[PDB]
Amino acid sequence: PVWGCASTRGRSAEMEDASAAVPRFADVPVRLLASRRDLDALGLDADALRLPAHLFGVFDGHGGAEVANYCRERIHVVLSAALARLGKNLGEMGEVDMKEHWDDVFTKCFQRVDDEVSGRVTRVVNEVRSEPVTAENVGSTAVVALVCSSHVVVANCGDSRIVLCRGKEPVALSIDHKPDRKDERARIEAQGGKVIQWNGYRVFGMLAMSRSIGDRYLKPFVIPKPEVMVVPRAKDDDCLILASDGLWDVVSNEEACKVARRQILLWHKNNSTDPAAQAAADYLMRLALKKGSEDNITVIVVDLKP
């Protein structure tokens, strides 16, 4: 247990946020983490080695909770299977650039779950299902962080956010897919869509994000293509924070980091999830409530120090 998770309906009537925490959810081929020539100096073969990893995910649903739930139930399974296939294929490739392969695995994973939600591919239920999971106006953000001893790999889709706290300073690991972002607006308008400022910048004046799972009623303008970032860990790292807009709309990255560092430190000075990280997640959830957040609030804190 290296994490804590806090969640609340908040001032909203229904709960449409979800989150996942799957320890040892898959084994990461070491080729995606080190080079062959780097492991051979030790006498080890990067192709055979496997590094167990954990998965943490935040899914801000909208128009319903079905898509955030489904993401919470499927992304880690699909991603585990994909990392197995990629572990096999990587043994027959020779030294290539791994970043491309992280993008490949995460992009195909998200796109896969999206096609399942959209009824475009048949899925298993142990039996098969092909009808869409839910109505076409239901969708969900999906920010997922794979953690292992060496790397933190992030796949972001939507307006949820993950912030890495390093050396008492904040480092953003995902960039919100707000439809007014230059590249996002340019891509939407190039495809014939329109971004309208209607209580915020929104796609066709409706959805205040440009990428998401589901929402097949706004395709191809809203896409499930994630932004991936491979971040090597450092002994100077403190912790990781995933959360829905219900936290970042009223709290900043700086304050979130300062707060999380303080909380974990205080717990360790004063003494299933991890008690310290859980304390940080509860304190951030209640801080977002105290700052007047009217959305569902979901927060995950991953402790990165041993």
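Don't overthink the numbering: it's just position in the shown sequence, from 1.
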property	result
Length class of the unmodelled deposited segment, which would lie between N199 and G200	none
Extent of unmodelled deposited sequence, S272 relative to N271	10 or more
Mean temperature factor over C-alpha atoms, higher-scoring stretch between 157-165 and 95-103	95-103
Mean temperature factor over C-alpha atoms, higher-scoring stretch between 20-28 and 286-294	286-294
Highest recorded Cα temperature factor - choice among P52, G63, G43, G57	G43
Out of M206, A234, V230, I213, residue topping the C-alpha B-factor column of the entry	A234
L39, C-alpha B-factor rank within chain (lowest, middle or highest third)	highest
Position of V302 among the chain's modelled residues by C-alpha B-factor, lowest, middle or highest third	lowest
Third of the chain, ranked by Cα B-factor, where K88 sits	highest
Relative C-alpha B-factor of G119, binned into the chain's lowest, middle or highest third	middle
CA B-factor placement of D183, once the chain's modelled residues are sorted into thirds	middle
